[PDB]
């Protein structure tokens, strides 16, 4: 409703770096809000794509940003009559970024790993890895829970059980208020998908450079499965947290699985022990139901509600014809211990191939009416196909069925405007929560400031 579309701010990064693939706000020890941006195709030392991270200070005129430096050198350790290897080439550092406290967590989902023992090997596979940083202090740490030293032969003898070689840890990420990092690994357990959690404080204290394989005893990974419904489901394509069990001492996890049950798609709510409390099945096959998940209380009853995006949903139209436009599902949490029923609201896109629902960002309370609001991206929507971000306002009955404001893309075609969103933070300190929108196709980020309501 009250996002300023006239006077935007623009940050930018190197060409072909996909600057803006992922972003998030970041407050320092003194509360100064900045913007962390991930550029997963930034050039490294060998003039090769490795990714990179930038920490943009707040400036109404935007501009260039300084780099948040991480080690980009490949590592090798000969230990235990074995040889450990890390390959950061095309790792995609910055394909996801998230902030918690004064710490930044940037991840390289496609960092490769291999172990050599004589003529055998573990296979060169993308286990993924995340890089943690405390900018003010300069502290650094890593976290790669899917690295292993098991040889290829062993996996064959065991029928490829608990195979964490293709995890891609960091594909998605989130951190609880308590400080528990939770990584999505949609390739873990032979493309079933796993989760991996660990306290940030324990990641830092248990990490040392050059070890490559170290233990984080406080960590906790999810479990393999024999059920074909989970085969090739990419469990962990998207991840979020919230409260869905009444008990406040516990934190519940939300996991997206856009290809669960033969490309039907599903989202599952779990406890911190990965025990499923509920499951939300897709409505249409290959709609990628679960591509994005958002958690926010939209009706102001204090109970977190759930939002799921199916960007490839094909709406039914006249003459028995389907039209890929996308869709978003709203699930309002019921009072006390009860199951999330059918969706309370169905928001469907309009632009063909627009991919409505590819991203869903909680905005907080934008118009300051008491109800929290959201933004839904259609990175290829709008009459031009350049992109669009639609704002939907909260009400006692859930969400408004029509958007209050539509942000058209200020970038050229193919910018993927809206592929990454983030809101519910007041960066200019005007008392209103603002919205940052990424456009990796144009290597830029657009900041929309919220202003007092005109009406």
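Positions refer to the first chain, counted from 1.
Which has higher Cα B-factors on average according to the PDB entry: 317 to 325 or 303 to 311?
-> If you average the C-alpha B-factors of 303 to 311 and of 317 to 325, the larger mean comes out for 317 to 325.
Mind pulling up the entry and telling me whether 363 to 371 or 287 to 295 has the higher mean Cα temperature factor?
-> In the deposited entry, the stretch with the higher C-alpha B-factor mean is 363 to 371.
Checking the entry, which one of 259, 358, 275, 96 has the top C-alpha B factor?
-> Checking the PDB record, the top C-alpha B-factor among 259, 358, 275, 96 is at 275.
Which of these, 248, 255, 330, 169, has its C-alpha atom at the highest B-factor, as the entry lists it?
-> Checking the PDB record, the top C-alpha B-factor among 248, 255, 330, 169 is at 248.
Should residue 131 be placed in the lowest, middle or highest third of its chain by the C-alpha B factor in the entry?
-> Middle third - that is where residue 131 ends up once the chain's C-alpha B-factors are sorted.
Taking the chain's C-alpha temperature factors as the reference, tell me which third residue 162 falls into: lowest, middle or highest.
-> Middle third - that is where residue 162 ends up once the chain's C-alpha B-factors are sorted.
Which third of the chain does residue 150 land in by C-alpha B-factor: lowest, middle or highest?
-> Highest third of the chain for residue 150's C-alpha B-factor.
Lowest, middle or highest third - CA B-factor, residue 419 = Its C-alpha B-factor belongs to the lowest third of this chain's values.
Going by the entry, which third of its chain does the Cα temperature factor of residue 376 land in?
-> Its C-alpha B-factor belongs to the lowest third of this chain's values.
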